[PDB]
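Single-structure report; data block below.
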Amino acid sequence: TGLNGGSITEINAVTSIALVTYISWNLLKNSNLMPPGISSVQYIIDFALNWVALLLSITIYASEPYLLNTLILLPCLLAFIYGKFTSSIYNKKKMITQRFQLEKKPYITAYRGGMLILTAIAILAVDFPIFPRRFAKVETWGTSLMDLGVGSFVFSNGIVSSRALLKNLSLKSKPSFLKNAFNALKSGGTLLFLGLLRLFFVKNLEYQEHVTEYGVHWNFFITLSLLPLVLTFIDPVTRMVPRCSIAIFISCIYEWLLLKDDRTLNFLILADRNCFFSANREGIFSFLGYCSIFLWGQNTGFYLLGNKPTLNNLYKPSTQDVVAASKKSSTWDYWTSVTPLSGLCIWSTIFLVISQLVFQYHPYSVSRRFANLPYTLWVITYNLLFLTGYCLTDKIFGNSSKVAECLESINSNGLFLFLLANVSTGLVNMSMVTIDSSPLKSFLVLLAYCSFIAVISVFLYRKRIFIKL
Ligand SMILES: CCCCCCCCCCCCCCCC(=O)SCCNC(=O)CCNC(=O)[C@H](O)C(C)(C)COP(=O)(O)OP(=O)(O)OC[C@H]1O[C@@H](n2cnc3c(N)ncnc32)[C@H](O)[C@@H]1OP(=O)(O)O
């Protein structure tokens, strides 16, 4: 680390392989040349498309992603054409009779699985000399590949956590104010406990400082735990204003406070670590950006988790039908009641136009350490623009009415496999010296580790075992 990072135009090219391989898998599956029953060929193809391709893209072919993105796509298209040439239900009454329910979407499963796979690879890949130094994290100002996961995980959690509000809306009795706090504590208990355990153990660890990231005591597992508890209190205010109008206000207030004078920056950068507040400045101050990211994720998760469009679902959680509203509908309810793709396109366009003008006037640059406005804009725009393609692929190929096994397996056992991967890298880091390894040895070690994780994950999934911590 310690070097200025790369650019966005390289990060996009490096990370597009996750969507390219998904499209290739869909094409190959629809080519109909594969045998119907499960076999070794299916597992080999799945493992080569999911795990190995990302490993090659991150490490060896990092200097030529455009050449890698075609050798996977073209043969599958040729096979699809060959199969198509060689080869010899939706009802409106159902939609009328259907009520409002939650549904499990496949592209969300793929989007969650790919991020976990990439995180699991890149956690260990950073300790070897074959991993380019441009992708390592940067201190204060700068952009890199490893500064995006921290925002992406918060965005994904915000997207998912809206189904609780959608479900509780159908309830005929309002839960008490003290009951939601208990629910939030129950949801965040394991993360809070694992975060607190590190404070009691750092003294025994006596590892490197790394204080400048979050502080002496603060941690990411506390930031993830405290968000729902704080956002519980916000609902009475949202009774009067839309949810996004709170994120906008918070972002504007924080940016005005940062750009008003240089005193705040001087305190944040040069102040001595004397008292508790001075020893955890960054962890406390990045909360005002993480809250905005979480709120925007929650707002985005309103029109994706349903099974049919409802009334005013672009900005409000609602279950009212639009069939009765279709009689002499106004010009507002016609535009603010959309299918998932229509909402995603509108929000992507608005955020692109806002960011393209914000980036031309901000004197400073992106900074994860403080989580200022440009970082949030970049994090949100990237995720919206990837979800748009992920959703469009399903509509083009027509499967909205399962996905590769290695994606579902890693999606169904997230936290446990994350901890297992962390322990594995911790073991390899002490079983050998990494910085003095030859490239072939490094590649073999990475391949063996990937195979071990994949085998364990699939074995847990087949036998129907789900571990909740
Ligand atoms: C493509 C890549 C793009 C981004 C590309 C950018 C770069 C990407 C990083 C790369 C650069 C290296 C890496 C940097 C970053 C670090 O180096 S480190 C980052 C730090 N990471 C962490 O701390 C891990 C955080 N983990 C968590 O927040 C969570 O525990 C997990 C593991 C993500 C998910 O946990 P969980 O929510 O308990 O999971 P789970 O119970 O399975 O699901 C929860 C809910 O979702 C529901 N659900 C699940 N699937 C679905 C579905 N398909 N539909 C609907 N609902 C669903 C479940 O039914 C459940 O519903 P409820 O029961 O809540 O009602």
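Which of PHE47, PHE249, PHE100 comes first, and how do the rest follow, when ranked by fewest Cβ neighbours within 10 Å? Can you show the working numbers first?
On the way: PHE47 19, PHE249 12, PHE100 15.
Ascending Cβ contact count within 10 Å gives the list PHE249, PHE100, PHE47.
Given charges of +1 on the Cβ of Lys and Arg and -1 on the Cβ of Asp and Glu, with all other atoms neutral, how large is the dipole of the chain about its Cα centre, in debye to the nearest 20?
Numbers: 39 positive and 22 negative charges, 446 e Å.
Taking the Cα centre of the chain as origin, the dipole is about 2140 debye.
So what is the diffusion coefficient of segment 299-447 in µm² per second by Stokes-Einstein at 25 °C and 0.890 mPa s, using a Kirkwood Rh over Cα pairs? It would help to have the intermediate numbers written out before the result.
Working: Rh = 20.1 Å.
The estimated diffusion coefficient comes to 122 µm²/s.
Using +1 at the Cβ of each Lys and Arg and -1 at the Cβ of each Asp and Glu in segment 1-148, identify which of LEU78, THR140, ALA13 lies farthest towards the dipole's positive end.
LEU78
What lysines sit close enough to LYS94 to cross-link, taking a C-alpha to C-alpha distance under 28 Å and skipping anything fewer than 8 places away on the same chain?
Candidates past the 8-residue exclusion: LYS104, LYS105, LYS167, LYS172, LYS308, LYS316, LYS327, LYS328, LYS395, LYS402.
Taking Rh as the Kirkwood radius, which is the inverse of the mean 1/r over Cα pairs, what is the Rg/Rh value for segment 86-141? Please report the intermediate quantities before stating the final value.
Numbers: Rg = 22.2 Å, Rh = 16.5 Å.
That ratio is 1.35, to two decimals.
Using a Debye calculation, one point per C-alpha and no hydration shell, please list log10 I(q)/I(0) for segment 231-274 at q = 0.20, 0.32, 0.34 Å⁻¹ in order.
-0.71, -1.07, -1.13
Can you sort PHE193, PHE85 so the residue with the fewest Cβ neighbours within 10 Å comes first? Before the final figure, lay out the partial values.
Working: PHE193 12, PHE85 7.
Final ranking by Cβ density, sparse to dense: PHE85, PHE193.
How much net charge surrounds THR376 when only other residues with a Cβ under 15 Å from its Cβ are counted (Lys, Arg +1; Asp, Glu -1)? Working shown, then result.
Numbers: positive: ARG368, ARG369; negative: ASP147, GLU255.
Every neighbour counted, the sum reads 0.
Report, to two decimal places, the Cα Rg of segment 375-446 normalised by 2.2 N^0.38 Å (N = number of residues). Intermediate results must be reported in sequence, preceding the final value.
Numbers: Rg = 18.8 Å, N = 72, 2.2 N^0.38 = 11.2 Å.
Dividing the Cα radius of gyration by 2.2 N^0.38 Å gives 1.68.
Hey, rough spin-label estimate for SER187 and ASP127, points 7 angstrom out along Cα→Cβ, what's it come to in nanometres?
The two pseudo-label positions are separated by 3.4 nm.
Around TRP51, what is the net charge, scoring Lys/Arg as +1 and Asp/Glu as -1 over all other residues with Cβ under 15 Å from its Cβ?
On the way: positive: none; negative: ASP46, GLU405, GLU408.
Residues close to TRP51 contribute a combined charge of -3.
Could you give the spread of the C-alpha atoms of segment 63-118 along their three principal axes, from largest to smallest, in whole angstroms?
Per principal axis, max minus min of the Cα coordinates gives 51, 41, 14 Å.
With N denoting the number of residues in segment 1-44, provide Rg(C-alpha) divided by 2.2 N^0.38 Å, to two decimal places. Don't jump to the answer; show the numbers that get you there.
On the way: Rg = 17.3 Å, N = 44, 2.2 N^0.38 = 9.3 Å.
Dividing the Cα Rg of segment 1-44 by 2.2 N^0.38 Å gives 1.87.
List the trypsin sites (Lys or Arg not before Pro) in segment 101-140 that DSSP assigns to loop (not H, G, I, E or B) and whose Cβ has at most 12 other Cβ atoms within 10 Å. Which are they?
Details: sites: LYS104, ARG112, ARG133, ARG134, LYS137; in loops: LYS104, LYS137.
Filter output for segment 101-140: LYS104.
Mind listing P(r) for segment 266-373? All alpha-carbon pairs, 10 Å bins, whole percents.
12, 29, 24, 18, 12, 4, 1
How big, on average over all directions, is the shadow cast by the Cα convex hull of the chain, in nm²? Display every interim value, and only then the final one.
Details: hull surface 108.2 nm².
For the Cα atoms of the chain, the hull's average projected area reads 27.1 nm².
Counting other beta carbons within 10 Å of each residue's own, what order do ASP394, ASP321 fall into, fewest first?
Values: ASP394 18, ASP321 15.
Taking fewest neighbouring Cβ atoms as first place, the list is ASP321, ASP394.
Among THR393, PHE201, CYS275, which residue has its Cα furthest toward the positive end of the charge dipole of the chain, with +1 on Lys/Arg Cβ and -1 on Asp/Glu Cβ?
About the Cα centre, the residue reaching furthest to the positive side is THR393.
Using the alpha carbon gyration tensor of segment 61-197, what are the three equivalent-ellipsoid semi-axes (square root of 5 times each eigenvalue), largest first, in whole Å? Mind dumping the intermediate values first?
Values: eigenvalues 285, 219, 25 Å².
With the √(5λ) rule applied to segment 61-197, the semi-axes are 38, 33, 11 Å.
Laboratory data are not the source of any read-out in this text; all were calculated from the coordinates shown. Note: ideal-geometry Cβ built from the backbone for every residue, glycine included; neighbour counts use all protein chains shown.
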